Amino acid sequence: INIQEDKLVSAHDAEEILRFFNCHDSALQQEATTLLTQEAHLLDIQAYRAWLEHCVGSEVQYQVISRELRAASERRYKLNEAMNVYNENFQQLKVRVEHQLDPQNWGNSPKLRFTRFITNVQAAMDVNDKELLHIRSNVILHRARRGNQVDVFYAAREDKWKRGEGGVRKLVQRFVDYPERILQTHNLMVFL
């Protein structure tokens, strides 16, 4: 992509496209689909400890940003473009997991219901680190609670996964640039 010609495309997005158009490995796309489907299953059933143990690397950065709305022509205002809804290391994810599992988390009674839909999976090995797997995928996340509360989240996820303990591929980075600026879902207290 020439971003001088395709004027709406960001440098970051053009770079990410490039990594998937090159070496397409069908087997890798399939492995990635399995990995993400199993991860989503563990999260949907609220097996948060299993998710940490089986899916999340010790060196993880788990990050979801919210980007301030700026003019397309803006070129002078250079203050913090985004805030971090999440920007968690492993210990910080563990804190969030303990918070979910705490029997005095009143918001979790009656039990929440989660349903995740993972689509558009793409996978490519890193060029320089042949043990680093780039995986892109989109998620629709449906959360239902308390009779008539229904919140639906939509996002693209840029992941890096790497083989860890026992040779199991685990998440070492997730980056989400959340597409809605003002959340209409009461909170973003879900693991995208």
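One-based numbering along the sequence shown.
Peer 1: Using only C-alpha atoms and the B-factors in the entry, which stretch averages higher, 127 to 135 or 155 to 163?
Peer 2: Mean CA B-factor is higher for 127 to 135.
Peer 1: Got a sec? Mean C-alpha B-factor, which is higher, 49 to 57 or 24 to 32?
Peer 2: Comparing averages over the C-alpha atoms only gives 24 to 32.
Peer 1: Name the residue from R116, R96, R76, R113 with the greatest C-alpha temperature factor listed in the entry.
Peer 2: Of the candidates given, the C-alpha B-factor peaks at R76.
Peer 1: Out of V176, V168, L171, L183, whose C-alpha atom has the biggest B factor in the entry?
Peer 2: Of the candidates given, the C-alpha B-factor peaks at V168.
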